[PDB]
Amino acid sequence: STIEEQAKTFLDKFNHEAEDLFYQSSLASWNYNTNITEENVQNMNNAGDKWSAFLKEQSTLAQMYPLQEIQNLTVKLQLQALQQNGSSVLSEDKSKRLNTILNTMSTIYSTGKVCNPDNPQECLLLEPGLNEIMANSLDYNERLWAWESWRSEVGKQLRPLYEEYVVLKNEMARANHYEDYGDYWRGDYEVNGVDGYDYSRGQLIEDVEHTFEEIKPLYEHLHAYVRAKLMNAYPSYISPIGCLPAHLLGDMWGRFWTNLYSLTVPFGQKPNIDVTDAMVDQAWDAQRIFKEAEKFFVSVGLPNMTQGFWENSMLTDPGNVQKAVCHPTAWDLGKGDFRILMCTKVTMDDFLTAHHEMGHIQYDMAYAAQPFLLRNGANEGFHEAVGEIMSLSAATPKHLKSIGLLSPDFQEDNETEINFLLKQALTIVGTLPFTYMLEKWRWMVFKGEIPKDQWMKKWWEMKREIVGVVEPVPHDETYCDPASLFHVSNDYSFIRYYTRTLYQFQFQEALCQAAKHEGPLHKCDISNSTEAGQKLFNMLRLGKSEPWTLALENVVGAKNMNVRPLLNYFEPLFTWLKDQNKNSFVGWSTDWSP
């Protein structure tokens, strides 16, 4: 009757009871998302409160168990995830202050308004109408003024509560035997106590810096090409030695540049692939979309699953008979029950999101044999990365010709592939250095090393020199615009997106070099190749039971990370850029001032 058997039965009973509570809460949340009612709100609110009290009780009861007296890696890992501190040293006043700070900075930013001029009635909200006039607009002055008006009423109210949140989270990290809030955030990105595969939290910082200095010249070259296109798009607005304007990147912060594509068309004579009208003349629907996704997945090698799931997921427009959202979302409810939720329309992006959802749910049901605490990915970014690679790999026209989505009369040329790679760079590698500098600024902020009052131009100046974007108007100390974004306002990290990009690139390279494919890396197919399917499935079943380095090793063969997937995937586009826009000025200079 050693302590290991008591830990085993405690873990089992916690897994069962938490599985029941999680199943009830997820079921209530799902049927509330399909049918919005206040009684359902009370239902999963009571369920979530009871589950939170239960997890606190299980953690406190597991605090008795010695974490150094377990030799099995699985039981040690599950006790480590169960013996977390959370509120080990936390005053109740400090806890409610933290909660009120979180709620206030969420509610103020979420309910932000740009209603300065004219009558105070015509107020455009941030989500529906602001991004239209920041991204799909022509007036430089309107974009500048709207961005300034958005930052002005947000930064001053968002700065000191965010700084107090930084201070209190630093105090909690110190009280929880950690360095800082980033160190608590780097704890998941840490492989220690494992022989052979050893990783440090600062090794993640080193990897971030290494990947950024590896991707610096290609990003400089694409910035040069974008500025060269903007010279023709905007006559006499951007100096050649100057950097890009802040509001010219589509988004207010500069997240995605897919909106900045009509000005950056390489060739109007090359048609991209399009099966949406081919879908229309084929007259396919939501169930046909799901059947095509399943056909693609069994072409990869993943087996079919439950027939009661398809009727359990409502896919078309819910209508006004019951209030329901239209965001495509997955539901891993627990013990053998999954749902998807969207309103399906006839768009190609609906097919992309459906493939993304099926990749998510396939990875969900992969680790069903693992316990409820281990019923996740290796870390947070892995799930989004593995959804994204199934999302992108479905846009291969040879698959569409094999399944009849694309007619065989259409053909793929070099220039169309170059345009597709340029769009992919606008989506994938365009957001990579922005995610890098956001992650770096957030890490210096949450580490509590840089002064709070040194931010007169600091975020401005390494926006100018690190990514080559200059603000059009200076801002004072009360502004916290890099801290004013959606993810920082609700404390959603950005290391997850960087690691997702890295993992999806390495996984894409591994599957393209593994599934008997030779040639250009953006012409990568995985149909009629089950070796890649079983190589994936070897890592699908692992779940959270193993360190992430072991998960990468068992599916790639390497123990580290390299940017060679990015070079392999973007090599034709890199060569086309190198003989296209090398003649213009390449890079950026920080000497330009407003």
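Be aware that the sequence shown starts at 19, since it is given in the deposited numbering, and climbs by one per residue.
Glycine included, C-beta positions come from ideal geometry on N, C-alpha and C.
query: Give me, in chain order, the residues of the same chain whose beta-carbon lies closer than 8 Å to that of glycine 354; leave out the 5 immediate sequence neighbours on both sides.; result: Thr324 and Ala386
query: Following the continuous beta strand (DSSP E) through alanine 348, name the residue where it begins and the one where it ends.; result: 347 to 352
query: Three or more C-beta pairs under 8 Å: does that hold for the stretch 238 to 249 against the stretch 593 to 610?; result: yes
query: Using beta carbons (cut-off 7 Å, strictly below), is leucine 440 in contact with chain B?; result: Given the protein chain composition of this structure (a single chain), no chain B is represented.
query: Taking three-plus beta-carbon pairs below 8 Å as touching, is the stretch 125 to 132 in contact with the stretch 170 to 177?; result: yes
query: Quick check: the Cα distance between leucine 424 and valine 212, rounded to an integer number of angstroms?; result: 49 Å
query: For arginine 393, name the three-state secondary structure that DSSP assigns.; result: coil
query: Helix or strand or just coil, what does DSSP make of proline 289?; result: coil
query: Considering just the uninterrupted stretch of the alpha helix (DSSP H) at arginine 192, what are its terminal residues?; result: 158 to 193
query: By Cβ distance below 8 Å, which residues in the same chain neighbour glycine 205 in space, the five residues on each side in sequence not counted?; result: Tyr196 and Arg219
query: Whole angstroms are fine: how far does the CA of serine 44 sit from the CA of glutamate 571?; result: 33 Å
query: Buried or exposed, going by whether 16 or more other CB atoms sit within 10 Å of the CB of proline 469?; result: exposed
query: Run through DSSP, which three-state label would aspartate 355 get?; result: strand
query: Less than 7 Å separating the beta-carbons of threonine 334 and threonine 362?; result: yes
query: Once DSSP output is grouped into helix, strand and coil, what is the label at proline 263?; result: strand
query: Roughly how many whole angstroms lie between the Cα atoms of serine 331 and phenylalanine 588?; result: 38 Å
query: Applying the 10 Å Cβ sphere with the 16-neighbour rule, what's the burial state of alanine 99?; result: exposed
query: How would you label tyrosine 183, buried or exposed, when you count the other beta carbons within 10 angstroms and need 16 or more for buried?; result: buried
query: Check the C-beta distance from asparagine 437 over to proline 284 and give it rounded, since I have them as a contact under 8 Å.; result: 5 Å
query: Out of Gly486, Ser545 and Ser105, which one is the CA nearest neighbour of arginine 192?; result: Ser105
query: Where does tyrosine 217 sit, in a helix, a strand or coil, going by DSSP?; result: strand
query: Do you know offhand how far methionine 62's Cα is from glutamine 42's?; result: 8 Å
query: Locate the alpha helix (DSSP H) running through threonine 519, then write down its first and last residues.; result: 513 to 532
query: Between the stretch 67 to 82 and the stretch 159 to 172, are three or more C-beta pairs nearer than 8 Å?; result: no
query: How close, in whole Å, do the beta carbons of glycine 448 and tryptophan 275 come, if the pair is a contact with beta carbons under 8 Å?; result: 5 Å
query: Can you have a look at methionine 474 and say buried or exposed, based on whether 16 or more other CB atoms are within 10 angstroms of its CB?; result: exposed
query: Is the CB-CB distance between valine 364 and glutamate 166 below 7 Å?; result: no
query: Sorted by chain position, which residues of the same chain lie with C-beta nearer than 8 Å to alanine 443's C-beta, five sequence neighbours on each side aside?; result: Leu240, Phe588 and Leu591
query: Quick one: is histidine 378 buried, meaning 16 or more other Cβ sit within 10 Å of its Cβ, or exposed?; result: buried
query: Relative to the C-alpha of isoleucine 513, which candidate in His374, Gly319 and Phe230 has its C-alpha closest?; result: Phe230
query: May I ask you to verify whether the stretch 413 to 431 touches the stretch 525 to 539, counting CB pairs closer than 8 Å and requiring at least 3?; result: no
query: Where do the ends of the alpha helix (DSSP H) carrying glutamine 42 lie?; result: 21 to 52
query: Can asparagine 586 and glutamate 527 be called in contact, C-beta distance under 7 Å?; result: yes
query: Would you mind giving the Cβ-Cβ distance between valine 488 and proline 263, rounded to the nearest angstrom? I have them listed as a contact below 8 Å.; result: 7 Å
query: Within 10 angstroms of its Cβ, does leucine 560 collect 16 or more other Cβ (buried), or is it exposed?; result: buried
query: Go ahead and label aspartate 382 buried or exposed: buried means 16 or more other beta carbons lie within 10 angstroms of its beta carbon, across all protein chains shown.; result: buried
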